[PDB]
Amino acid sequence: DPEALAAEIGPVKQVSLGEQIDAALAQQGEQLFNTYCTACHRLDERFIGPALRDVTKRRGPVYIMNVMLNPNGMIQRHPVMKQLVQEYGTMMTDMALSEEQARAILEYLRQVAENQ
């Protein structure tokens, strides 16, 4: 169970989502994605790392939060991230992100999956 494994690696164990996307939180997330993530990721194609538009359809939220917050631990202990390092070659590394920043980015990722 890859989401169970992500929760065991940490740091995040659980997330709170409302019934709908919080649009202001998603906008904050967009800005933070530009700042932290666009250097290596696109929404609709591979780049330095994988395409992200549908990551919330493919992966659980605790996985996505812990890749952002603890990419080194995820690469060391989570089989999906380890396979992606074999595929992509370069590594995602610590960005000194806080949980609230990562939760905003996750909100943005939920939004772009809806935008299609």
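Position 1 is the first residue in the sequence shown; the rest follow in order.
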Look over 14-22 and 95-103 in the entry and identify the one with the greater average Cα temperature factor. 14-22
Regarding 49-57 and 78-86, which shows the higher C-alpha temperature factor on average in the entry? 78-86
Can you pull the Cα B-factors for 66, 72, 31, 38 from the entry and say which is highest? 72
Ranked against its chain, the third holding the CA B-factor of residue 113: middle
